[PDB]
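I would like to see how this sequence folds:
(chains A, B, C, D, E, F, G and H, ligands or ions: 17)
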Amino acid sequence: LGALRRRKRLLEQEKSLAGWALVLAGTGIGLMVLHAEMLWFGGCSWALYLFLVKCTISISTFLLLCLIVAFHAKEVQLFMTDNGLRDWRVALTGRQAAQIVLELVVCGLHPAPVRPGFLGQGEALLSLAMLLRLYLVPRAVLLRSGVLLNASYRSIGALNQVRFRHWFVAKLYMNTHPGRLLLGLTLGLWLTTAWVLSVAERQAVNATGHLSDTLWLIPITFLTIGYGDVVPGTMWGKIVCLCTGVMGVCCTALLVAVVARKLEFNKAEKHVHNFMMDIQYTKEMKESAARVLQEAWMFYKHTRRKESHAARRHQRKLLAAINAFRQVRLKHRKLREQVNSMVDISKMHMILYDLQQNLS
Amino acid sequence: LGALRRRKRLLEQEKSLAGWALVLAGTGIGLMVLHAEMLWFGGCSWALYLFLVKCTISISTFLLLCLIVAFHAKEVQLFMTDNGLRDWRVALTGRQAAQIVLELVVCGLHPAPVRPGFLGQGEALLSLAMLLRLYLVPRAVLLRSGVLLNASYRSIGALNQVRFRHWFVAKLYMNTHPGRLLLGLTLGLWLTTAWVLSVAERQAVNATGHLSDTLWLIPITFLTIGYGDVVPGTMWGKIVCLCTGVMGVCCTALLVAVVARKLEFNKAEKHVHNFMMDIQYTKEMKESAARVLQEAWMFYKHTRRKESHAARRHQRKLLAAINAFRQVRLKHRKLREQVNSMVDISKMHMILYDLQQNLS
Amino acid sequence: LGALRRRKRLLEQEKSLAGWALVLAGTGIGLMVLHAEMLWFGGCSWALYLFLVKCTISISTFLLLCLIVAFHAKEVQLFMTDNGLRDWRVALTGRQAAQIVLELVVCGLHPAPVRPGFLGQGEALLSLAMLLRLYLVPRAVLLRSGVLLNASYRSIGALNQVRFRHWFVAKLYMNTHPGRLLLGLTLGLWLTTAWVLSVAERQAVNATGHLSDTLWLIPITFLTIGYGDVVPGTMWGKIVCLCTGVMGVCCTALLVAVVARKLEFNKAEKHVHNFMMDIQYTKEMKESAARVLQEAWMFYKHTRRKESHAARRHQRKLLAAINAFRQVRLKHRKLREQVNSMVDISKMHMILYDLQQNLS
Amino acid sequence: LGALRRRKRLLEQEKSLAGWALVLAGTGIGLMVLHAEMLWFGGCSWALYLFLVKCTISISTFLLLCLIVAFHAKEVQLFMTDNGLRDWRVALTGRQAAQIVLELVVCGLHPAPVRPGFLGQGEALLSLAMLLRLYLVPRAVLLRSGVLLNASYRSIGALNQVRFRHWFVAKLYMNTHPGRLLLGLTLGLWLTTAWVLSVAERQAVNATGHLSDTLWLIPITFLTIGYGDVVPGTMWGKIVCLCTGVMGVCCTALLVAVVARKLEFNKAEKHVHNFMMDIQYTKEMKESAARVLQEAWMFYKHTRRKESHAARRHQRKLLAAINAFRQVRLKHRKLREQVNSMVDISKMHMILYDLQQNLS
Amino acid sequence: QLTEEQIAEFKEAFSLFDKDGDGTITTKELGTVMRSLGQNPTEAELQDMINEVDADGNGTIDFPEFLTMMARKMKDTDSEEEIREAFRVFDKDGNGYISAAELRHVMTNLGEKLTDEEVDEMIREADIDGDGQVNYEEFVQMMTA
Amino acid sequence: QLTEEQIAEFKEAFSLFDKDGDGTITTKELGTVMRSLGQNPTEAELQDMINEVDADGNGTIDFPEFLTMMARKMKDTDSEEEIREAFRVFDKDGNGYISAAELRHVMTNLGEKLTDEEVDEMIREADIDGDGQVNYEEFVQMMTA
Amino acid sequence: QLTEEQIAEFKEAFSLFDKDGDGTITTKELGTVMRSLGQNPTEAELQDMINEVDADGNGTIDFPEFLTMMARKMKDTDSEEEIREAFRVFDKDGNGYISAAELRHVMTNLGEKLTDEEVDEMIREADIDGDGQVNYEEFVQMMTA
Amino acid sequence: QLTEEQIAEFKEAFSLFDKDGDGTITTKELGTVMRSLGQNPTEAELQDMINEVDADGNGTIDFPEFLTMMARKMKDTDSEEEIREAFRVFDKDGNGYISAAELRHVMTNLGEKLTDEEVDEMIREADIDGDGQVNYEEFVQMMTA
Ligand SMILES: [Ca+2]
Ligand SMILES: [Ca+2]
Ligand SMILES: [Ca+2]
Ligand SMILES: [Ca+2]
Ligand SMILES: [Ca+2]
Ligand SMILES: [Ca+2]
Ligand SMILES: [Ca+2]
Ligand SMILES: [Ca+2]
Ligand SMILES: [Ca+2]
Ligand SMILES: [Ca+2]
Ligand SMILES: [Ca+2]
Ligand SMILES: [Ca+2]
Ligand SMILES: [K+]
Ligand SMILES: [K+]
Ligand SMILES: [K+]
Ligand SMILES: [K+]
Ligand SMILES: [K+]
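Residues are numbered from 1 along each chain as shown, chains lettered A, B, ... in the order given. Ligands and ions are numbered 1, 2, ... in the order given. Please see the structure below:
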């Protein structure tokens, strides 16, 4: 022990630091949209504003950069706890020191306040570069699920050599409730791209290209219909429309397999259906075989009475009834073969149990 | 006895109240299209015949609200009969008494006859709200299936712990005749969604947007072709065209899933094909192994005679006959391996029977 | 037997009558394409050569109606022979007497010579009704395949009770050579439809709508890549374009299924791959398990000499060599588990054979 | 021996001759695009620099025609080494002598210098015929892989009757890493086609139809969207657009199966999930079975005191606790049945091993 | 009270079980149906199932005691199975009696926290004749009333 | 009455079952073919399918009595199998004779309702042994007229 | 040093293996868990993985020596397993000692080339027993330090 | 004539079969590889394959007589297997000798129609032993020289 009590604390201090860096990284993204849609619908009149917003964005970025490094220091503090070691100079590798720098560069791109309705060329990219802050979601999702500290769960995940990572939790969530997450992501991706493209192809002279003209263009491109009444006209608007088509094709590729798997009989329904479809065939065969002798005897009576116009009329009903009997016989034999072959995976246990009981 | 003779009566009284609440809904829906297409093609001239249809579609709702409540009151009696109760105050839950209000609200939306070819905005939604009356179909289908009172059928559905609900009957119907219902629904939706859109985008001056221009836009949107000659021009016409594409994609997925299996051999034909393909390979090998020795002997004879121009020619056919023999024997070996590897399906049963016949 | 020598004659007389009614139908179909695309490019000038094609068509139809009835009269003899009858009045059913009438009605629709580049409305339907003569293809194909008279083949098809019909032969042909038939039918259906639509939407004023404009519309509609530059403009041209898309979707589903089935490893290569990957993993593990000791000893030496700047450097390589060892260990364990699980379709056979050999 | 040392030399001399014919066949293609885009953007002004490129693309063909014949002169010497022969007149077949001529004809099509920004019709096909030189890629790839001379890989591939050829290597590469090759080919086919079509539909008057108007047309045709703002206008540009859609459909068909296969639980995690679900189900059942007795006792107390308003309220909770208990036990039974049925592949092995250890 | 048609239908449903035709169902005739339905039960559970409904006790089931079984398994939910099965989770130690420790553990620790004095009072009130061991009869009496 | 080519083809078909050139088919040679086709018969049905066609009875099948079998299984439908098998549904006990009980049950109750007197008269007319037990011979004679 | 909730959580985890409340984990119970997880081990491995953590040796595992096991299998990577598995690849004979030939082969031929004199010096330094046979104790001591 | 690298590569390929290290391959070491590759051979073929290549005869295969086997299985097509296997279709009695009837049937009836006199002359010419029974040695002598 000793190193087991200090692992339940340095890992809980990483659960309130990987979730509080998702609030200051959401507040920042929630202000660029406000600034853009206020500069568009406003202009140079609102000069007192459009400055406090940028100052708030800078403050939020500075408060996020002071949490990312704290989280990484806490993660470094776990290596020395796990592996018996005190000198911190060796617990720091040569790749983590570059991952930290990359994270700080990616999480530090904002339109700083260094000072009509158009954003520009530098701000229009420094704002759209704030959407890269979405890599913090899997970390917070993984650190919150209660499958990482449950001692009754790792004790079984270790006996089967199973490692707990993001993909395992993602697959578990997908298997629990598939349709909910699919619909949520599908309807949440049609509102972000519909603004990323609107900020790319908006114009003022024609008053066209805003959300009203993109919320219609994005879905028909996603579903690969493409009426062609509205089309992108800028080089930066022809790449989002190409990414959306690939996303739609991939979504269809995922959807087809799930749709195929969802509807199917299982063992219980199959066995019940097979058992209850046999009595109907057993009754139909008896009815068909009873519908043959009646005509075979009536024809004999009529040919002994020499009607010469009803014997030749009843000689067709016999020939049709024989065929009707044959069809039912073949269907019954096919169903019998299926039921005697479908139940062939559980009979092995019974056979080997009877053999073991015999012990001959 | 006692509580079994009443379940055959209180449940048959729910079979004649689930179809007479569907006839009076079909009539109410059918006397709406007539009113709409008579107001459109007519006008203020027929102001006397539009005060009778709007009264019939209001009298045919008081004969539906008096049947829904009767059906819901014939089920509390079933609950009391089942769970040994006499006081009705305990058999009424807090959700059965809340869904009745929702049912009576949904089944009570009609263009009341409270007294210009365009329907007003207050009536164009009340009319299209009548289509919500289509939730009464699964109830009537289930209550009339005939597998809910069969004492020889539940006696086997209980030994396997199988519950009889809408999904089970739907799966049974799908498995019986798949294509019929698929084509029926596919061709029955293209006549309803081609009117829900023509009531939404019809125009007066241009005389465009009626059924003649919506029976062509809906199929090419369902199939995701989308030429682009005719496109919706209203916000309410751009939602139906989006709901149609998703249905088209889903129907395509179901079609792929159904078709993926129908083209495979049944187990009966595979064995016959394998047995009858082996004699051909044996004959081919026996013929090919005779096109080696003949040329070998002929080349030997020509070398003995030393023609020096035909021995070299016949040394070129031996090396190709050997190659042909190699191909034939490789194909035969592969087919033999496939035949001897498919026995794993049922050879285990035969070997177990042979071992049990001698274990004594 | 005397009733077996006549089945080889009455069935060979149905092989030269079901194939000679397929050439007098091809000739009939190939003489409307002339009477249409010579009336179009010609006119009233060639009024003498249009009175000969329309008579040759009638002669061919009369020579085809005299073969259909002969074929249908050569089968009543087979029915009488099989069941041992002499009175033909009983061998004729009530449905075979209507099938013949339907066949003679369908195979008797031609533009008779009962007497301006546009075909009349009452004549362009008689001309296009000739394409219904394509139901004679399966009949002429089934009777020609050598699986109907092979006494060595029905002998084995009767011990498994398989029936030789139009579907078994089609499945056999599909399995023997899938791709060539698929491409042939795909490219043969793009030349008949392109003429059926061209005869439907052709016009003279604009000189548009002929094969040059319908050889481009049909493929992009089939592939659901509808651009919108050329679109049908008539009610009879808007049904062919809807019929093409359904076949396109069905062919896409069939292609998806075939592609899914085609590409995969078989057992003979899977076993070789596993066996030759195990050796590589064994070598990699042994290579990796030496650096751990090498840097361990080197760090021990350096801390013995107390460098204080190389010991801390070599303590950083041991912790990575251990991880590299762990990765290879896990990969080798996973491959070993797969190998132990992949060989389970013949392991049971081998162990059961060993047990049977041990017994008795 | 003797003929084994010469097979490792005559086959290495075909590894530096099948790769040095891929450099002179790449230079001749790279100096074609330069000539085309220099004649287009240039004209008659650069009449001196166009007499050097067209001579280099003719000197670089004489160094490929002298390598193809050398490779085909080293293979005829492997034949005589394998099969004991001395006269080369018999080792040369009648089809290799035509394959060599076909290869020399295909690899000898260049715009020779036999002497206005448009390429002539006699050169626009000779240039585009250079792309047929891409059949040399599989030949160079096969001889470079280290599976043709590894004596440890053809000794386990001969005990199982496996031929290496070109398809086994392709399947191995596909299975080793599917995604990277798929994306590489997908993005490499969107740049060659975008030039093949641009050289086909370019025009000078409108300054349209170049790479900028094809890099947008090709992807939306490949993805079967087809907006319709830009469409081909020449017969030679309407065939490339038809060829692209077929490859798009084929790529989708390849993608759907891989997407379906990639995501799934393995055998290691299904057992862990099943083992960790039943504990939760047992806890839920034991918790739910305690909300029945509590209400059954509280209602008993309240009817003992005869509240007459709380007994009829506690009798409404027992009937719901029983239903919840039923749901929980049904779910637990279903999961237990799945667990007892899922373990049936190694269960048979375990039972048979136990029987062997017991009795043999 | 049953209509003749219902009696005929139940007699037809009985023929699915008494395939031999003697008129009674034994352990060897229900086992065949259970095996043909995919299940693999054995002698203990077969005997328990047959003894559950046998109102007299002979190892066989007749029509009058089969109508009683069918009068319970055709309703929407059986309220006797969920009281006979909500009793085996309280009885962890299989003996047929409810110990004080088992009840004091399941009722108090799990679900709503119940007072120990209240649990003891309920156990004393519903106990089998002062033995402190609640049986199935007392359980059913208390939970039905 | 067959031609030379037909005789050669039938000999080739015989060679599939004969395997070794002894000239007769035994129960151990047809069983191998049936196992190769996937079926798993036993000796009882193996002998039942062989004694059906043996015109004299030796336990083996020869070419002259194989041509008789193959002159019946080549037609689109053989009218003898659905008369031999539409007779075992009238034979529930399996003794081999049609007693009055089975006929009076199946003919009257099932299918078109038939008068009891008419059924008795038909049974009396069909019966030729006079013992009140309709056999296969009388059944086949009545259905072939 | 643990709090009052981790003790309860680890007791709940222990109750998964100790199905009956005897208080110790035996070979049979662990084998049943292993089989329920889908694997099929046997007595040799079952006894091999139990004496690894048993601090005194009884054939059974207690709770104080279960906490020691759980203190290792919950960290990101156990470093006492990659020194016990990276030792059995240097011991091909299986006697339990590192022979001079085994080391001189694996260290020099594979990986980075090492001088024979350096390998001999390393073996002499690591051999605390002086018998020229490196054992697990000396190997672990040298590689941990 | 082989170089050092080729000899080393062949020695590495030898260790795939000779797992122990004694220096020879037995019928039980190749059987393990065959089973691991999915095949299920038995002692008959396991001895036949070894006897095919063993140039001295001891039941074991050595490296010098393994190089001889490997010199044939690395070329594109082995011309000895296709003459050894194109001989067992001319020998249906399994006695190792070509009977006159076998050849007169296979050569004349099938393939190109060969004269009976020509077949007899060829048989007489190839019958070096003079017993009228062509053997493997004469067959190989006729098909290669
Ligand atoms: Ca009975
Ligand atoms: Ca009884
Ligand atoms: Ca107890
Ligand atoms: Ca025989
Ligand atoms: Ca005989
Ligand atoms: Ca009888
Ligand atoms: Ca224990
Ligand atoms: Ca202990
Ligand atoms: Ca050693
Ligand atoms: Ca050895
Ligand atoms: Ca030897
Ligand atoms: Ca012979
Ligand atoms: K489009
Ligand atoms: K379009
Ligand atoms: K698809
Ligand atoms: K599309
Ligand atoms: K499209």
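
Looking at chain E, which residue is nearest ligand 5?
residue E:19 (39.3 Å; Cβ to the ion). Heads up, the C-betas are built off the backbone N, CA and C, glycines and all.

Near that residue, how many other residues are there?
Close neighbours of residue E:19, defined as other Cβ atoms under 10 Å in any protein chain shown, add up to 11.

does it really touch residue E:28, like I thought?
No: taking contacts as Cβ atoms under 8 Å, residue E:19 lies outside contact range of residue E:28: 10.5 Å.

is chain E contacted by stretch A:345-354?
Yes: counting by Cβ under 8 Å from any Cβ of the partner chain, chain E is contacted by stretch A:345-354 at A:346, A:349-350.

Which element, helix or strand, includes residue 45?
No chain was given, so I picked chain A. Of the helices and strands defined by DSSP states H and E, none includes residue A:45.

wrong one, I was asking about chain E
Using DSSP H and E, residue E:45 sits within helix E:43-53.

Residue E:55: what's it in contact with?
Contact analysis of residue E:55 by Cβ atoms under 8 Å, 6 or more residues apart in numbering or on different chains lists E:65, E:68.

for chain A, what are the nearby residues on chain E?
Chain E comes close to chain A at residues E:16, E:35-38, E:40, as judged by Cβ under 8 Å from any Cβ.

Highest neighbour count among the residues you listed?
Highest neighbour count within the residues of chain E next to chain A: residue E:38, with 20 neighbours (other Cβ under 10 Å).

how much space between the nearest residue to that one once chain neighbours are set aside and residue B:266?
In this structure, residue E:38 finds its nearest non-sequential neighbour in residue A:271, 4.3 Å apart by Cβ to Cβ, 6 or more residues apart in numbering or on different chains. Taking Cβ to Cβ, to the nearest Å as the measure, residue A:271 falls 20 Å from residue B:266.

Please say which of these two ends up with more neighbours.
For residue A:271 and residue B:266, the more surrounded residue by other Cβ under 10 Å is residue A:271, and the numbers stand at 23 against 11.

tell me which strands and helices the helix or strand hosting the more buried one is in contact with?
Applying DSSP H and E as the criterion places residue A:271 in helix A:267-276. If you count contacts as 3 or more Cβ pairs under 8 Å, 6 or more residues apart in numbering or on different chains; DSSP states H and E, helix A:267-276 packs onto helix A:311-342, helix B:151-157, helix B:166-176.

and that helix with helix A:311-342, angle?
Here helix A:267-276 runs at an angle of 150 degrees relative to helix A:311-342 (axes from the mean of the first three to the mean of the last three Cα atoms, to 10 degrees).

returning to that earlier point: among the residues of stretch A:345-354 next to chain E, which are in helices?
Of the positions in those, A:349-350 sit in helices, assigned by DSSP state H.

now the residues of stretch A:345-354 next to chain E as a markdown table including neighbour count?
A markdown table is the format used below for the residues of stretch A:345-354 next to chain E (neighbours: other Cβ atoms under 10 Å in any protein chain shown):
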| residue | neighbour count |
| --- | --- |
| A:346 | 17 |
| A:349 | 15 |
| A:350 | 12 |
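
Among the residues of stretch A:345-354 next to chain E, pick out the one closest to ligand 5, please.
Nearest member of these to ligand 5, counting by Cβ to the ion, is residue A:350, at 41.3 Å.

ok, and the closest non-adjacent residue to the closest one?
Closest to residue A:350 by Cβ to Cβ, 6+ apart is residue E:40, at 5.3 Å.

need the contact list for residue E:99.
By Cβ under 8 Å, 6+ apart, the contact set of residue E:99 is E:93, E:133.

Oops, could you answer that again for residue E:112 instead?
D:290-291, D:294.

Which one (most neighbours) among the residues you listed?
In terms of neighbours by other Cβ under 10 Å, the contacts of residue E:112 top out with residue D:290 at 23 neighbours.

roughly how far apart are that residue and residue C:239?
68 Å.

ok, now residue E:56?
Separation of residue E:56 from residue C:239 (Cβ to Cβ) stands at 74 Å.

The two: which is more packed in?
A count of neighbours by other Cβ under 10 Å puts residue C:239 above the other of residue E:56 and residue C:239, at 13 against 8.

buried set for the helix or strand where that one lies?
Per DSSP H and E: residue C:239 is located in helix C:237-262. For helix C:237-262, the neighbour count (16 or more other Cβ atoms under 10 Å in any protein chain shown) marks C:237-238, C:240-241, C:244-245, C:248-249, C:251-260 as buried.

same check, this time on stretch E:17-30
Of the residues in stretch E:17-30, E:17-18, E:25-26, E:29-30 count as buried by neighbour count, 16+ other Cβ under 10 Å.

will you turn the residues you listed into JSON lines that also has distance to residue A:108?
Formatted as JSON lines, the buried residues of stretch E:17-30 follow (distance: Cβ to Cβ, whole Å):
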{"residue": "E:17", "distance to residue A:108": "78"}
{"residue": "E:18", "distance to residue A:108": "83"}
{"residue": "E:25", "distance to residue A:108": "80"}
{"residue": "E:26", "distance to residue A:108": "82"}
{"residue": "E:29", "distance to residue A:108": "80"}
{"residue": "E:30", "distance to residue A:108": "75"}
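
Take those residues and keep only those in helices.
If you go by DSSP H, those have E:29-30 in helices.

and which of the buried residues of stretch E:17-30 is nearest residue G:44?
Nearest to residue G:44, judged by Cβ to Cβ, of the buried residues of stretch E:17-30 is residue E:30 at 44.6 Å.

tell me which strands and helices the helix holding residue E:45 is in contact with?
Packed on helix E:43-53, when contacts are counted by 3+ Cβ pairs under 8 Å, 6+ apart, are helix E:27-36, helix E:64-73.

Tell me the residue of chain E that sits nearest ligand 10?
residue E:40 (47.6 Å).

mind checking the SS state of that residue?
coil (DSSP: H, G, I helix; E, B strand; the rest coil).

So it is in contact with residue A:351, correct?
No: counting by Cβ under 8 Å, residue E:40 sits too far from residue A:351 to count as a contact (10.5 Å).

how about the one residue in the stretch 201-350 of chain A that gets nearest to chain E, what does it touch?
Chain E sits closest to residue A:271 of the stretch 201-350 of chain A, with a gap of 4.3 Å, by Cβ to the nearest Cβ. Residues in contact with residue A:271, defined by Cβ under 8 Å, 6+ apart, are A:343, B:160, E:37-38.

Can you tell me the SS state at the closest residue to chain F within chain E?
Proximity of chain E to chain F (Cβ to the nearest Cβ) peaks at residue E:21, 10.2 Å away. Assigned by three-state DSSP, the conformation of residue E:21 is coil.

so which strand or helix has residue A:308?
Using DSSP H and E, residue A:308 sits within no helix or strand.

And for residue A:18?
Assigned by DSSP H and E, residue A:18 belongs to no helix or strand.

in terms of contact, does it touch residue A:135 like I think?
No: the criterion here is Cβ under 8 Å, and residue A:18 misses it with residue A:135 at 11.9 Å.

what about the two, which has more around it?
A count of neighbours by other Cβ under 10 Å puts residue A:18 above the other of residue A:18 and residue A:135, at 21 against 11.

How much space separates residue A:221 from ligand 7?
From residue A:221 over to ligand 7 the distance is 64 Å, taken as Cβ to the ion, to the nearest Å.

for residue A:279, what are its contacts?
B:152, E:16.

about what we covered before: same list (the buried residues of stretch E:17-30) but as CSV, adding distance to ligand 16.
What follows is the buried residues of stretch E:17-30, written out as CSV (distance: Cβ to the ion, whole Å):
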residue, distance to ligand 16
E:17, 57
E:18, 62
E:25, 62
E:26, 65
E:29, 60
E:30, 58
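
Just the closest of the buried residues of stretch E:17-30 to chain A, please.
Checking those one by one against chain A (Cβ to the nearest Cβ), the nearest turns out to be residue E:17, at 12.4 Å.

Thanks again, I'm all set now.
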